[PDB]
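Listing of coords-v9.pdb; format and content: PDB, C-alpha atoms and all ligand atoms.
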ATOM      1  CA  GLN F   1     -15.639   9.772 -10.289  1.00  0.00           C
ATOM      2  CA  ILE F   2     -17.023   9.873  -6.448  1.00  0.00           C
ATOM      3  CA  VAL F   3     -16.727   6.574  -4.545  1.00  0.00           C
ATOM      4  CA  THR F   4     -18.206   6.078  -1.028  1.00  0.00           C
ATOM      5  CA  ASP F   5     -18.423   2.285  -0.533  1.00  0.00           C
ATOM      6  CA  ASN F   6     -16.451  -0.876  -1.443  1.00  0.00           C
ATOM      7  CA  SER F   7     -15.512  -0.839  -5.111  1.00  0.00           C
ATOM      8  CA  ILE F   8     -12.834  -2.167  -7.393  1.00  0.00           C
ATOM      9  CA  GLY F   9     -12.449  -1.031 -10.988  1.00  0.00           C
ATOM     10  CA  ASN F  10     -10.176   0.704 -13.460  1.00  0.00           C
ATOM     11  CA  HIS F  11     -10.079   4.456 -13.891  1.00  0.00           C
ATOM     12  CA  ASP F  12      -7.997   6.342 -16.471  1.00  0.00           C
ATOM     13  CA  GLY F  13      -5.661   3.316 -16.833  1.00  0.00           C
ATOM     14  CA  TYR F  14      -5.209   2.704 -13.149  1.00  0.00           C
ATOM     15  CA  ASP F  15      -6.726  -0.034 -11.003  1.00  0.00           C
ATOM     16  CA  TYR F  16      -8.449   1.780  -8.118  1.00  0.00           C
ATOM     17  CA  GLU F  17      -9.918   0.298  -4.992  1.00  0.00           C
ATOM     18  CA  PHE F  18     -11.989   1.717  -2.105  1.00  0.00           C
ATOM     19  CA  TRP F  19     -12.257  -0.689   0.872  1.00  0.00           C
ATOM     20  CA  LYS F  20     -13.528  -0.133   4.428  1.00  0.00           C
ATOM     21  CA  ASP F  21     -15.012  -2.371   7.146  1.00  0.00           C
ATOM     22  CA  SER F  22     -18.188  -1.205   8.922  1.00  0.00           C
ATOM     23  CA  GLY F  23     -18.303   2.125  10.751  1.00  0.00           C
ATOM     24  CA  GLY F  24     -17.719   5.828   9.952  1.00  0.00           C
ATOM     25  CA  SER F  25     -17.513   6.944   6.329  1.00  0.00           C
ATOM     26  CA  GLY F  26     -15.119   7.683   3.550  1.00  0.00           C
ATOM     27  CA  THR F  27     -15.016   9.430   0.201  1.00  0.00           C
ATOM     28  CA  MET F  28     -12.572   8.795  -2.622  1.00  0.00           C
ATOM     29  CA  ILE F  29     -12.551  11.005  -5.745  1.00  0.00           C
ATOM     30  CA  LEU F  30     -10.932   9.442  -8.848  1.00  0.00           C
ATOM     31  CA  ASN F  31      -8.737  12.068 -10.621  1.00  0.00           C
ATOM     32  CA  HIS F  32      -6.601  11.863 -13.807  1.00  0.00           C
ATOM     33  CA  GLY F  33      -4.189   8.950 -14.175  1.00  0.00           C
ATOM     34  CA  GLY F  34      -3.043   7.529 -10.786  1.00  0.00           C
ATOM     35  CA  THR F  35      -4.367  10.555  -8.875  1.00  0.00           C
ATOM     36  CA  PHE F  36      -7.167  10.632  -6.310  1.00  0.00           C
ATOM     37  CA  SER F  37      -8.310  12.274  -3.096  1.00  0.00           C
ATOM     38  CA  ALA F  38      -9.511  10.627   0.063  1.00  0.00           C
ATOM     39  CA  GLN F  39     -11.450  11.754   3.099  1.00  0.00           C
ATOM     40  CA  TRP F  40     -12.403   9.554   6.016  1.00  0.00           C
ATOM     41  CA  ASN F  41     -14.321   9.921   9.295  1.00  0.00           C
ATOM     42  CA  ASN F  42     -14.499   7.737  12.402  1.00  0.00           C
ATOM     43  CA  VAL F  43     -13.526   4.632  10.588  1.00  0.00           C
ATOM     44  CA  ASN F  44     -12.322   1.368  11.897  1.00  0.00           C
ATOM     45  CA  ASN F  45     -10.164   0.473   8.838  1.00  0.00           C
ATOM     46  CA  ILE F  46     -10.221   2.201   5.429  1.00  0.00           C
ATOM     47  CA  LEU F  47      -7.914   1.976   2.417  1.00  0.00           C
ATOM     48  CA  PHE F  48      -7.906   4.103  -0.822  1.00  0.00           C
ATOM     49  CA  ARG F  49      -5.468   3.274  -3.691  1.00  0.00           C
ATOM     50  CA  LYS F  50      -4.614   3.478  -7.398  1.00  0.00           C
ATOM     51  CA  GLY F  51      -2.018   1.194  -9.074  1.00  0.00           C
ATOM     52  CA  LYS F  52      -2.060  -2.164 -10.868  1.00  0.00           C
ATOM     53  CA  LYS F  53      -3.822  -5.460 -10.212  1.00  0.00           C
ATOM     54  CA  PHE F  54      -2.137  -8.572 -11.741  1.00  0.00           C
ATOM     55  CA  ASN F  55      -3.501 -11.953 -12.584  1.00  0.00           C
ATOM     56  CA  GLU F  56      -1.609 -13.992  -9.974  1.00  0.00           C
ATOM     57  CA  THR F  57       0.732 -15.782 -12.385  1.00  0.00           C
ATOM     58  CA  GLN F  58       4.039 -13.849 -12.109  1.00  0.00           C
ATOM     59  CA  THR F  59       6.667 -13.339  -9.353  1.00  0.00           C
ATOM     60  CA  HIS F  60       7.753  -9.684  -8.977  1.00  0.00           C
ATOM     61  CA  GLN F  61      10.922 -10.688 -10.851  1.00  0.00           C
ATOM     62  CA  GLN F  62       8.744 -11.890 -13.796  1.00  0.00           C
ATOM     63  CA  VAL F  63       6.631  -8.704 -13.751  1.00  0.00           C
ATOM     64  CA  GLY F  64       9.794  -6.576 -13.902  1.00  0.00           C
ATOM     65  CA  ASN F  65      11.221  -3.444 -12.269  1.00  0.00           C
ATOM     66  CA  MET F  66       8.416  -1.621 -10.409  1.00  0.00           C
ATOM     67  CA  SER F  67       8.835   2.059  -9.554  1.00  0.00           C
ATOM     68  CA  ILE F  68       6.352   4.694  -8.418  1.00  0.00           C
ATOM     69  CA  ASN F  69       6.632   8.466  -8.727  1.00  0.00           C
ATOM     70  CA  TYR F  70       4.192  10.176  -6.265  1.00  0.00           C
ATOM     71  CA  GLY F  71       3.202  13.417  -4.485  1.00  0.00           C
ATOM     72  CA  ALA F  72       0.572  13.685  -1.679  1.00  0.00           C
ATOM     73  CA  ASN F  73      -0.873  16.346   0.501  1.00  0.00           C
ATOM     74  CA  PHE F  74      -1.347  14.121   3.556  1.00  0.00           C
ATOM     75  CA  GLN F  75      -3.394  15.350   6.529  1.00  0.00           C
ATOM     76  CA  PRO F  76      -4.319  12.529   8.847  1.00  0.00           C
ATOM     77  CA  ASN F  77      -6.077  13.426  12.107  1.00  0.00           C
ATOM     78  CA  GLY F  78      -4.878  10.289  13.892  1.00  0.00           C
ATOM     79  CA  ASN F  79      -3.457   6.933  12.752  1.00  0.00           C
ATOM     80  CA  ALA F  80      -2.996   6.595   9.006  1.00  0.00           C
ATOM     81  CA  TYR F  81      -0.317   5.540   6.515  1.00  0.00           C
ATOM     82  CA  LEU F  82       0.869   7.036   3.207  1.00  0.00           C
ATOM     83  CA  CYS F  83       2.433   4.113   1.397  1.00  0.00           C
ATOM     84  CA  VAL F  84       2.870   1.662  -1.479  1.00  0.00           C
ATOM     85  CA  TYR F  85       0.795  -1.394  -0.622  1.00  0.00           C
ATOM     86  CA  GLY F  86      -0.225  -4.564  -2.278  1.00  0.00           C
ATOM     87  CA  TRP F  87      -0.493  -8.341  -2.218  1.00  0.00           C
ATOM     88  CA  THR F  88       1.114 -11.576  -3.393  1.00  0.00           C
ATOM     89  CA  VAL F  89      -0.609 -14.981  -3.372  1.00  0.00           C
ATOM     90  CA  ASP F  90       0.902 -18.403  -2.682  1.00  0.00           C
ATOM     91  CA  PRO F  91       2.005 -17.378  -0.321  1.00  0.00           C
ATOM     92  CA  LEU F  92      -0.604 -14.873   0.669  1.00  0.00           C
ATOM     93  CA  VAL F  93       1.125 -11.684   1.826  1.00  0.00           C
ATOM     94  CA  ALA F  94       0.084  -8.049   2.262  1.00  0.00           C
ATOM     95  CA  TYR F  95       2.989  -5.543   2.066  1.00  0.00           C
ATOM     96  CA  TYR F  96       3.653  -1.915   2.935  1.00  0.00           C
ATOM     97  CA  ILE F  97       6.326   0.585   1.964  1.00  0.00           C
ATOM     98  CA  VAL F  98       5.512   3.443   4.341  1.00  0.00           C
ATOM     99  CA  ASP F  99       6.712   6.975   3.608  1.00  0.00           C
ATOM    100  CA  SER F 100       4.579   8.933   6.057  1.00  0.00           C
ATOM    101  CA  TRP F 101       2.165   8.332   8.938  1.00  0.00           C
ATOM    102  CA  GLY F 102       0.066  10.179  11.475  1.00  0.00           C
ATOM    103  CA  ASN F 103       0.757  10.038  15.157  1.00  0.00           C
ATOM    104  CA  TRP F 104       2.180   6.507  15.357  1.00  0.00           C
ATOM    105  CA  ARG F 105       4.961   5.033  13.311  1.00  0.00           C
ATOM    106  CA  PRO F 106       4.024   1.497  12.317  1.00  0.00           C
ATOM    107  CA  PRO F 107       3.988  -1.288  12.730  1.00  0.00           C
ATOM    108  CA  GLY F 108       5.048  -1.692  16.391  1.00  0.00           C
ATOM    109  CA  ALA F 109       7.266  -4.813  15.913  1.00  0.00           C
ATOM    110  CA  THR F 110      11.018  -5.463  16.236  1.00  0.00           C
ATOM    111  CA  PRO F 111      13.051  -4.561  13.132  1.00  0.00           C
ATOM    112  CA  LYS F 112      14.520  -7.438  11.138  1.00  0.00           C
ATOM    113  CA  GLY F 113      16.780  -5.207   9.082  1.00  0.00           C
ATOM    114  CA  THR F 114      17.107  -1.991   7.073  1.00  0.00           C
ATOM    115  CA  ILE F 115      17.240  -0.792   3.567  1.00  0.00           C
ATOM    116  CA  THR F 116      18.709   2.550   2.550  1.00  0.00           C
ATOM    117  CA  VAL F 117      17.068   3.573  -0.743  1.00  0.00           C
ATOM    118  CA  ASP F 118      15.467   6.611  -2.437  1.00  0.00           C
ATOM    119  CA  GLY F 119      17.257   9.116  -0.157  1.00  0.00           C
ATOM    120  CA  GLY F 120      16.105   7.514   3.140  1.00  0.00           C
ATOM    121  CA  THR F 121      16.513   4.622   5.518  1.00  0.00           C
ATOM    122  CA  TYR F 122      13.730   2.169   6.174  1.00  0.00           C
ATOM    123  CA  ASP F 123      13.302  -0.311   9.019  1.00  0.00           C
ATOM    124  CA  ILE F 124      12.025  -3.699   7.821  1.00  0.00           C
ATOM    125  CA  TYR F 125       9.444  -5.624   9.768  1.00  0.00           C
ATOM    126  CA  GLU F 126       7.301  -8.686   9.488  1.00  0.00           C
ATOM    127  CA  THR F 127       3.940  -9.033  11.244  1.00  0.00           C
ATOM    128  CA  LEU F 128       1.095 -11.546  11.308  1.00  0.00           C
ATOM    129  CA  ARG F 129      -2.610 -11.160  10.755  1.00  0.00           C
ATOM    130  CA  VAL F 130      -4.830 -13.925  12.147  1.00  0.00           C
ATOM    131  CA  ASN F 131      -8.285 -14.519  10.624  1.00  0.00           C
ATOM    132  CA  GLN F 132      -8.620 -10.989   9.345  1.00  0.00           C
ATOM    133  CA  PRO F 133     -10.099  -9.648   6.109  1.00  0.00           C
ATOM    134  CA  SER F 134      -7.902 -10.117   3.066  1.00  0.00           C
ATOM    135  CA  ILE F 135      -8.189 -10.286  -0.740  1.00  0.00           C
ATOM    136  CA  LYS F 136      -9.072 -13.976  -0.324  1.00  0.00           C
ATOM    137  CA  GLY F 137     -11.585 -13.548   2.545  1.00  0.00           C
ATOM    138  CA  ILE F 138     -11.043 -14.126   6.295  1.00  0.00           C
ATOM    139  CA  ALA F 139      -7.538 -15.563   6.531  1.00  0.00           C
ATOM    140  CA  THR F 140      -4.149 -15.733   8.193  1.00  0.00           C
ATOM    141  CA  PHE F 141      -1.265 -14.100   6.397  1.00  0.00           C
ATOM    142  CA  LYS F 142       1.953 -12.270   6.999  1.00  0.00           C
ATOM    143  CA  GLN F 143       2.419  -8.565   6.385  1.00  0.00           C
ATOM    144  CA  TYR F 144       5.816  -7.218   5.222  1.00  0.00           C
ATOM    145  CA  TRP F 145       6.928  -3.682   6.166  1.00  0.00           C
ATOM    146  CA  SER F 146       9.507  -1.112   5.081  1.00  0.00           C
ATOM    147  CA  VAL F 147       8.929   2.039   7.119  1.00  0.00           C
ATOM    148  CA  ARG F 148      10.963   5.198   6.488  1.00  0.00           C
ATOM    149  CA  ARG F 149      12.798   6.656   9.542  1.00  0.00           C
ATOM    150  CA  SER F 150      11.623  10.172   8.773  1.00  0.00           C
ATOM    151  CA  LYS F 151       8.354  11.267   7.168  1.00  0.00           C
ATOM    152  CA  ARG F 152       8.149  12.380   3.533  1.00  0.00           C
ATOM    153  CA  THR F 153       5.116  12.867   1.219  1.00  0.00           C
ATOM    154  CA  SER F 154       6.609  12.990  -2.305  1.00  0.00           C
ATOM    155  CA  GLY F 155       9.361  11.365  -4.342  1.00  0.00           C
ATOM    156  CA  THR F 156      10.215   7.997  -5.900  1.00  0.00           C
ATOM    157  CA  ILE F 157       9.645   4.639  -4.231  1.00  0.00           C
ATOM    158  CA  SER F 158      11.769   1.912  -5.782  1.00  0.00           C
ATOM    159  CA  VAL F 159       9.314  -0.913  -5.084  1.00  0.00           C
ATOM    160  CA  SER F 160      11.442  -3.774  -6.498  1.00  0.00           C
ATOM    161  CA  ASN F 161      14.406  -2.685  -4.312  1.00  0.00           C
ATOM    162  CA  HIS F 162      12.227  -3.275  -1.174  1.00  0.00           C
ATOM    163  CA  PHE F 163      10.935  -6.598  -2.561  1.00  0.00           C
ATOM    164  CA  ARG F 164      14.561  -7.836  -3.024  1.00  0.00           C
ATOM    165  CA  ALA F 165      15.557  -6.667   0.502  1.00  0.00           C
ATOM    166  CA  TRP F 166      12.577  -8.542   1.989  1.00  0.00           C
ATOM    167  CA  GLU F 167      13.384 -11.770   0.151  1.00  0.00           C
ATOM    168  CA  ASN F 168      17.047 -11.329   1.175  1.00  0.00           C
ATOM    169  CA  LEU F 169      15.885 -11.328   4.788  1.00  0.00           C
ATOM    170  CA  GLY F 170      13.899 -14.566   4.319  1.00  0.00           C
ATOM    171  CA  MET F 171      10.497 -12.784   3.817  1.00  0.00           C
ATOM    172  CA  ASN F 172       9.350 -14.672   0.718  1.00  0.00           C
ATOM    173  CA  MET F 173       6.891 -13.366  -1.844  1.00  0.00           C
ATOM    174  CA  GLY F 174       4.391 -15.134  -4.063  1.00  0.00           C
ATOM    175  CA  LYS F 175       2.694 -14.364  -7.367  1.00  0.00           C
ATOM    176  CA  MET F 176       1.818 -10.637  -7.655  1.00  0.00           C
ATOM    177  CA  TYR F 177      -1.792  -9.659  -7.003  1.00  0.00           C
ATOM    178  CA  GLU F 178      -1.260  -5.881  -6.796  1.00  0.00           C
ATOM    179  CA  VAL F 179       1.005  -2.849  -6.339  1.00  0.00           C
ATOM    180  CA  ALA F 180      -0.506   0.581  -5.441  1.00  0.00           C
ATOM    181  CA  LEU F 181       0.025   4.023  -3.974  1.00  0.00           C
ATOM    182  CA  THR F 182      -2.238   3.696  -0.857  1.00  0.00           C
ATOM    183  CA  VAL F 183      -3.748   5.928   1.870  1.00  0.00           C
ATOM    184  CA  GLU F 184      -4.838   3.828   4.874  1.00  0.00           C
ATOM    185  CA  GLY F 185      -6.749   5.182   7.922  1.00  0.00           C
ATOM    186  CA  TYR F 186      -7.073   3.163  11.185  1.00  0.00           C
ATOM    187  CA  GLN F 187      -9.375   4.253  14.069  1.00  0.00           C
ATOM    188  CA  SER F 188      -9.225   7.825  12.929  1.00  0.00           C
ATOM    189  CA  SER F 189     -10.314  10.629  10.652  1.00  0.00           C
ATOM    190  CA  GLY F 190      -8.423  12.741   8.034  1.00  0.00           C
ATOM    191  CA  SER F 191      -7.844  13.584   4.376  1.00  0.00           C
ATOM    192  CA  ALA F 192      -5.215  13.130   1.727  1.00  0.00           C
ATOM    193  CA  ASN F 193      -4.847  14.435  -1.785  1.00  0.00           C
ATOM    194  CA  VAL F 194      -2.645  12.216  -3.933  1.00  0.00           C
ATOM    195  CA  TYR F 195      -1.819  14.778  -6.638  1.00  0.00           C
ATOM    196  CA  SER F 196       0.834  12.738  -8.346  1.00  0.00           C
ATOM    197  CA  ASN F 197       1.088   8.963  -8.822  1.00  0.00           C
ATOM    198  CA  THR F 198       2.738   7.190 -11.756  1.00  0.00           C
ATOM    199  CA  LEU F 199       3.543   3.524 -11.751  1.00  0.00           C
ATOM    200  CA  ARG F 200       6.393   2.441 -14.063  1.00  0.00           C
ATOM    201  CA  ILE F 201       6.971  -1.260 -14.940  1.00  0.00           C
ATOM    202  CA  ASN F 202      10.368  -1.708 -16.569  1.00  0.00           C
ATOM    203  CA  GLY F 203      10.467   2.100 -17.162  1.00  0.00           C
ATOM    204  CA  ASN F 204       7.069   2.423 -18.910  1.00  0.00           C
ATOM    205  CA  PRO F 205       4.290   4.409 -17.267  1.00  0.00           C
ATOM    206  CA  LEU F 206       1.208   2.214 -16.852  1.00  0.00           C
ATOM    207  CA  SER F 207      -1.222   1.376 -19.607  1.00  0.00           C
TER     208      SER F 207
HETATM  209  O1  LIG I   1     -14.428  -8.224  -2.888  1.00  0.00           O
HETATM  210  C1  LIG I   1     -13.146  -8.490  -2.373  1.00  0.00           C
HETATM  211  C2  LIG I   1     -12.747  -7.301  -1.486  1.00  0.00           C
HETATM  212  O2  LIG I   1     -13.624  -7.222  -0.351  1.00  0.00           O
HETATM  213  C3  LIG I   1     -11.349  -7.636  -0.911  1.00  0.00           C
HETATM  214  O3  LIG I   1     -11.000  -6.519  -0.133  1.00  0.00           O
HETATM  215  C4  LIG I   1      -9.706  -6.656   0.487  1.00  0.00           C
HETATM  216  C5  LIG I   1      -9.995  -6.981   1.982  1.00  0.00           C
HETATM  217  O4  LIG I   1      -8.823  -6.927   2.760  1.00  0.00           O
HETATM  218  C6  LIG I   1      -8.129  -5.692   2.778  1.00  0.00           C
HETATM  219  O5  LIG I   1      -7.008  -5.842   3.599  1.00  0.00           O
HETATM  220  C7  LIG I   1      -7.159  -5.964   4.983  1.00  0.00           C
HETATM  221  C8  LIG I   1      -7.356  -4.525   5.579  1.00  0.00           C
HETATM  222  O6  LIG I   1      -6.234  -3.750   5.237  1.00  0.00           O
HETATM  223  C9  LIG I   1      -4.962  -4.280   5.625  1.00  0.00           C
HETATM  224  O7  LIG I   1      -4.253  -5.133   4.739  1.00  0.00           O
HETATM  225  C10 LIG I   1      -5.441  -5.296   6.648  1.00  0.00           C
HETATM  226  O8  LIG I   1      -4.288  -5.638   7.389  1.00  0.00           O
HETATM  227  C11 LIG I   1      -5.935  -6.484   5.766  1.00  0.00           C
HETATM  228  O9  LIG I   1      -6.559  -7.232   6.780  1.00  0.00           O
HETATM  229  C12 LIG I   1      -7.726  -5.478   1.294  1.00  0.00           C
HETATM  230  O10 LIG I   1      -7.113  -4.229   1.184  1.00  0.00           O
HETATM  231  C13 LIG I   1      -8.980  -5.327   0.443  1.00  0.00           C
HETATM  232  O11 LIG I   1      -8.588  -5.104  -0.939  1.00  0.00           O
HETATM  233  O12 LIG I   1     -10.467  -7.904  -1.941  1.00  0.00           O
HETATM  234  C14 LIG I   1     -10.763  -8.880  -2.939  1.00  0.00           C
HETATM  235  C15 LIG I   1     -12.155  -8.523  -3.549  1.00  0.00           C
HETATM  236  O13 LIG I   1     -12.451  -9.614  -4.419  1.00  0.00           O
END

Have the structure of the file written as structure tokens, please.
Amino acid sequence: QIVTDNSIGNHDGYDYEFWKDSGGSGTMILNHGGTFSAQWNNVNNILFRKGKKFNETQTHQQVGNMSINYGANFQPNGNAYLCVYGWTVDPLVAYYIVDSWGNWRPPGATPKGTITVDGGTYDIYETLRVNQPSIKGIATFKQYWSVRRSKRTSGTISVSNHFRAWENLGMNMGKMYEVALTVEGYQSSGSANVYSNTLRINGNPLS
């Protein structure tokens, strides 16, 4: 179940992915269902996640209602995000629903709006990545952000509610590539134990 370099597969029903650029190290341990632990040290950029990868044919509306139940013991030692992350293609977009963070609340841009959902209020942002790594190679793509105003590390994230808020604000989404409970570390060290993580699509826990 121990993963310490770039790897994409399926484990216990969930699509897991370990990704880092060069520098420092990380360890991901694949636990039951959507659960996993992560540890990272002196990295530049590292991401650990479990959720679902899609075959790039369906809008989020066609996939259906997405909802994630999670619980994490999150102990970043610097910059890091506890979130729901994923991709669409055509257009190519990386997205983030951030529930907790380390020392710096991302993503440093000007808010475009808010959505009040799952007991909290989130600021909505849109940023741009120029010739950076992506699921399609070195590319230029927008990132979409919902970042909670106060930290939390457990509860329900109503993914489709953020996707509708973004498209309401003019932040359009393509065909789904992935949705996943994600721990991301940036220029830092730390650990996180995701002890609970269930993805529901139209009410049914993933299969
Ligand atoms: O083999 C390919 C993998 O290498 C590829 O990995 C993706 C690379 O890009 C990552 O995203 C970047 C870093 O994290 C934030 O989104 C940054 O802002 C993005 O630049 C993806 O997380 C990795 O999954 O994916 C496709 C696989 O075929």

Around all listed atoms of ligand LIG 1 (chain I), padded 4 Å per side, what centre and edge lengths does the axis-aligned box have in Å to one decimal, as AutoDock Vina command-line options?
--center_x -9.3 --center_y -6.7 --center_z 1.5 --size_x 18.2 --size_y 13.9 --size_z 19.8

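Reported to one decimal place, the separation of CA of residue 18 (chain F) from CA of residue 167 (chain F) is 28.8 Å.
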
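Restricting the calculation to all atoms listed in the file, the smallest distance between residue 50 (chain F) and any of F:161, F:25, F:127, F:10 is found for F:10.
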
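In terms of minimum interatomic distance to residue 183 (chain F), F:28 ranks closest within F:147, F:139, F:206, F:28, counting all atoms listed in the file.
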
For this session: Give the residues close to ligand LIG 1 (chain I), within 6 Å, counting all atoms listed in the file; write them as a VMD selection string.
Result: chain F and resid 19 94 132 to 136

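Atom pair CA of residue 9 (chain F) / CA of residue 37 (chain F): separated by 16.0 Å.
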
For this session: Using the chain letters and residue numbers of this document, give as an NGL selection string the residues selected by the PyMOL selection byres (((chain F and resi 155) around 10) and not hetatm).
Result: :F and (68-72 or 99 or 118-119 or 152-154 or 156-158 or 196-197)

Grab the residues selected above and save them as a CSV table (one decimal), in the frame of the given file with C-alpha atoms.
chain,number,residue,atom,x,y,z
F,68,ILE,CA,6.4,4.7,-8.4
F,69,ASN,CA,6.6,8.5,-8.7
F,70,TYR,CA,4.2,10.2,-6.3
F,71,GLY,CA,3.2,13.4,-4.5
F,72,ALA,CA,0.6,13.7,-1.7
F,99,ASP,CA,6.7,7.0,3.6
F,118,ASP,CA,15.5,6.6,-2.4
F,119,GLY,CA,17.3,9.1,-0.2
F,152,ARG,CA,8.1,12.4,3.5
F,153,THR,CA,5.1,12.9,1.2
F,154,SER,CA,6.6,13.0,-2.3
F,156,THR,CA,10.2,8.0,-5.9
F,157,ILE,CA,9.6,4.6,-4.2
F,158,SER,CA,11.8,1.9,-5.8
F,196,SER,CA,0.8,12.7,-8.3
F,197,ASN,CA,1.1,9.0,-8.8

Exercise. Applied to the shown file, which residues does the PyMOL selection byres (((chain F and resi 113) around 12) and not hetatm) return, written as a ChimeraX atom specification?
Worked result: /F:109-112,114-116,121-126,144-147,162,165-171

Write the selection just made, keeping C-alpha atoms, as an mmCIF file, in the frame of the given file?
data_model
loop_
_atom_site.group_PDB
_atom_site.id
_atom_site.type_symbol
_atom_site.label_atom_id
_atom_site.label_comp_id
_atom_site.auth_asym_id
_atom_site.auth_seq_id
_atom_site.Cartn_x
_atom_site.Cartn_y
_atom_site.Cartn_z
ATOM 1 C CA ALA F 109 7.266 -4.813 15.913
ATOM 2 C CA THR F 110 11.018 -5.463 16.236
ATOM 3 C CA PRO F 111 13.051 -4.561 13.132
ATOM 4 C CA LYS F 112 14.520 -7.438 11.138
ATOM 5 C CA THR F 114 17.107 -1.991 7.073
ATOM 6 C CA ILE F 115 17.240 -0.792 3.567
ATOM 7 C CA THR F 116 18.709 2.550 2.550
ATOM 8 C CA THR F 121 16.513 4.622 5.518
ATOM 9 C CA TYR F 122 13.730 2.169 6.174
ATOM 10 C CA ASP F 123 13.302 -0.311 9.019
ATOM 11 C CA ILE F 124 12.025 -3.699 7.821
ATOM 12 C CA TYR F 125 9.444 -5.624 9.768
ATOM 13 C CA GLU F 126 7.301 -8.686 9.488
ATOM 14 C CA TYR F 144 5.816 -7.218 5.222
ATOM 15 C CA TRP F 145 6.928 -3.682 6.166
ATOM 16 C CA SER F 146 9.507 -1.112 5.081
ATOM 17 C CA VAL F 147 8.929 2.039 7.119
ATOM 18 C CA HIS F 162 12.227 -3.275 -1.174
ATOM 19 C CA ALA F 165 15.557 -6.667 0.502
ATOM 20 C CA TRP F 166 12.577 -8.542 1.989
ATOM 21 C CA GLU F 167 13.384 -11.770 0.151
ATOM 22 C CA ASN F 168 17.047 -11.329 1.175
ATOM 23 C CA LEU F 169 15.885 -11.328 4.788
ATOM 24 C CA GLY F 170 13.899 -14.566 4.319
ATOM 25 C CA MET F 171 10.497 -12.784 3.817
#

Problem set entry | Option closest in space to residue 20 (chain F), from F:105, F:175, F:60, F:49 [counting all atoms listed in the file] | F:49

For this session: Select, from F:52, F:129, F:149, F:32, the residue with the minimum atom-to-atom distance to residue 14 (chain F), counting all atoms listed in the file.
Result: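 Closest candidate: F:52.
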
Applied to the shown file, which residues does the PyMOL selection byres (((chain F and resi 3) around 8) and not hetatm) return, written as a short mmCIF file (atom, residue, chain, number, x, y, z; two decimals) with C-alpha atoms, in the coordinates of the input?
data_model
loop_
_atom_site.label_atom_id
_atom_site.label_comp_id
_atom_site.auth_asym_id
_atom_site.auth_seq_id
_atom_site.Cartn_x
_atom_site.Cartn_y
_atom_site.Cartn_z
CA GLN F 1 -15.64 9.77 -10.29
CA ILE F 2 -17.02 9.87 -6.45
CA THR F 4 -18.21 6.08 -1.03
CA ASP F 5 -18.42 2.28 -0.53
CA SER F 7 -15.51 -0.84 -5.11
CA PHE F 18 -11.99 1.72 -2.10
CA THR F 27 -15.02 9.43 0.20
CA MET F 28 -12.57 8.80 -2.62
CA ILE F 29 -12.55 11.00 -5.74
CA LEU F 30 -10.93 9.44 -8.85
#

Problem set entry | For residue 192 (chain F), the nearest of the candidates F:65, F:73, F:59, F:44, counting only C-alpha atoms |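 For residue 192 (chain F), the nearest of the given residues is F:73.
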
For this session: Kindly give the distance, in Å, that separates CA of residue 198 (chain F) and CA of residue 34 (chain F), rounded to a single decimal.
Result: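 Going from CA of residue 198 (chain F) over to CA of residue 34 (chain F) covers 5.9 Å.
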
Problem set entry | Proximity to residue 85 (chain F) - best of F:117, F:173, F:47, F:138, only C-alpha atoms |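 When distances to residue 85 (chain F) are compared using only C-alpha atoms, the smallest one comes from F:47.
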
Problem set entry | Non-local contacts of residue 63 (chain F) (12 Å; all atoms listed in the file; under 6 positions in same chain excluded) as a list in words | residues 52, 53, 54, 55, 56, 57, 159, 160, 174, 175, 176, 177, 178, 179, 200, 201, 202 and 203 of chain F

For this session: Mind checking which residues fall within 9 Å of residue 189 (chain F), counting all atoms listed in the file, ignoring those fewer than 3 positions away in the same chain, and posting them as a PyMOL selection string?
Result: chain F and resi 24+39-43+76-80+185-186

Mind filling out region 187-192 of chain F with N, CA, C and O atoms and sending it as a PDB file, in the frame of the given file?
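Saved result, selection.pdb, follows:
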ATOM      1  N   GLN F 187      -8.757   3.701  12.836  1.00  0.00           N
ATOM      2  CA  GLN F 187      -9.375   4.253  14.069  1.00  0.00           C
ATOM      3  C   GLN F 187      -9.167   5.748  14.070  1.00  0.00           C
ATOM      4  O   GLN F 187      -8.632   6.196  15.073  1.00  0.00           O
ATOM      5  N   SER F 188      -9.575   6.415  12.941  1.00  0.00           N
ATOM      6  CA  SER F 188      -9.225   7.825  12.929  1.00  0.00           C
ATOM      7  C   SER F 188     -10.012   8.557  11.844  1.00  0.00           C
ATOM      8  O   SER F 188     -10.842   7.994  11.148  1.00  0.00           O
ATOM      9  N   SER F 189      -9.756   9.872  11.755  1.00  0.00           N
ATOM     10  CA  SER F 189     -10.314  10.629  10.652  1.00  0.00           C
ATOM     11  C   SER F 189      -9.216  11.351   9.880  1.00  0.00           C
ATOM     12  O   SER F 189      -8.079  11.461  10.316  1.00  0.00           O
ATOM     13  N   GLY F 190      -9.427  11.904   8.672  1.00  0.00           N
ATOM     14  CA  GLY F 190      -8.423  12.741   8.034  1.00  0.00           C
ATOM     15  C   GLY F 190      -8.694  12.926   6.540  1.00  0.00           C
ATOM     16  O   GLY F 190      -9.764  12.479   6.125  1.00  0.00           O
ATOM     17  N   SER F 191      -7.731  13.459   5.835  1.00  0.00           N
ATOM     18  CA  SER F 191      -7.844  13.584   4.376  1.00  0.00           C
ATOM     19  C   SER F 191      -6.450  13.514   3.759  1.00  0.00           C
ATOM     20  O   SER F 191      -5.404  13.639   4.475  1.00  0.00           O
ATOM     21  N   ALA F 192      -6.484  13.220   2.434  1.00  0.00           N
ATOM     22  CA  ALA F 192      -5.215  13.130   1.727  1.00  0.00           C
ATOM     23  C   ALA F 192      -5.492  13.375   0.229  1.00  0.00           C
ATOM     24  O   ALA F 192      -6.534  12.833  -0.252  1.00  0.00           O
TER      25      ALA F 192
END
